[PDB]
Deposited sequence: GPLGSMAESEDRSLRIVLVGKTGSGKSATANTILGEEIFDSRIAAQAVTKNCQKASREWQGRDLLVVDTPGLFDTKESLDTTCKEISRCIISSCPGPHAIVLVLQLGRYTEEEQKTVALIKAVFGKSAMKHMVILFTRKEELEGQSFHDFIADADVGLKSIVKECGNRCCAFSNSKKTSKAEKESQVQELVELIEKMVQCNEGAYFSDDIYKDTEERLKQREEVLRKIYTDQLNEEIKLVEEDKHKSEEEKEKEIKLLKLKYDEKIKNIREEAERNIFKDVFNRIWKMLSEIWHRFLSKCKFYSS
């Protein structure tokens, strides 16, 4: 299993990138004068060997409230921790919004997060006769710097362009991610946040297990000691109940993720309120 999070500016091609990872178009990718993704979204894909889990995020910079909301959502979805945090840029310069984005990940998740960051570019088809190598070779101090921090993990993507090319890019991305993780002591990203937020997640899931079971064992109890009902009626009812139960265990993960939101939000809000002086737009 691979947990990857796509963060970046608005319009950078995050959703497109997600689509090309997922093999089909799930998320909304189009050209806009607005944010097309207003909400953290997640999906899964059957791959050669693994289940790929892709977290698409709203464009980081456009609100302390909103930023805190979406980050928190991102954290919950990415639990227990992400394998790769992919910073998505349009081809060319490393710009101020990406600078602040990188600053944010650093600030909230520590500097220790930069081992799991990979840089991904979109519009690969736009460079034409120039090599991507040649491309990153002409780069600037800031781009070179962040590439260095990220361990020289860089990709270019063409979302348009055949499936076989696209899936090959997927091979590149996934492989490098596995390389990175292996060199990273073979585990996902784990933070003070992630540990706590996961513990909460586990606690509430076990709780809901206590709830749903005690609900089903009760509904069953009525049917057993109920008279005037045929045994076939008892059996048909209980069978349906058990079906609804097995459907309701499938539900716990999504329902659990919803319960902790405000708690993690508050925790992040405590932290982030002080810090926001760094991410204001001056002027």
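- Residues of the deposited sequence that lack C-alpha coordinates fall in the stretches 1-12, 75-77, 176-177, 301-305.
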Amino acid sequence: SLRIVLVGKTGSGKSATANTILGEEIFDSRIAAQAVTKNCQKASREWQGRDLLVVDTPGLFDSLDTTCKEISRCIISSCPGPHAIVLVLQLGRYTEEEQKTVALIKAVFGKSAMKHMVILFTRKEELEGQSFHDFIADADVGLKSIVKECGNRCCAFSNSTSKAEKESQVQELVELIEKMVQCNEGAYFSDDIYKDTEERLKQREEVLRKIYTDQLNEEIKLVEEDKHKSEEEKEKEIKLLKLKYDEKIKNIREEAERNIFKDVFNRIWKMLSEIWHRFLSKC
From here on, numbers count along this sequence of modelled residues.
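- Annotation for 172-180 versus 131-139: the higher mean temperature factor (C-alpha) is found in 172-180.
- As listed in the deposited structure, the average C-alpha B-factor of 38-46 and of 239-247 is greater for 239-247.
- Of the candidates 28, 257, 232, 70, the one whose C-alpha carries the top B factor in the deposited record is 232.
- Set against one another, the Cα B-factors of 52, 33, 55, 64 in the record reach their highest point at 52.
- When the modelled residues of the chain are ordered by C-alpha B-factor, residue 78 sits in the middle third.
- In the PDB entry, residue 204 places in the highest third of its chain by CA B-factor.
- In the PDB entry, a CA B factor belonging to the lowest third of its chain's modelled residues is recorded for residue 95.
- Compared with the other modelled residues of the chain, the Cα B-factor recorded for residue 166 ranks in the highest third.
- Sorting the modelled residues of the chain by their CA temperature factor places residue 107 in the middle third.
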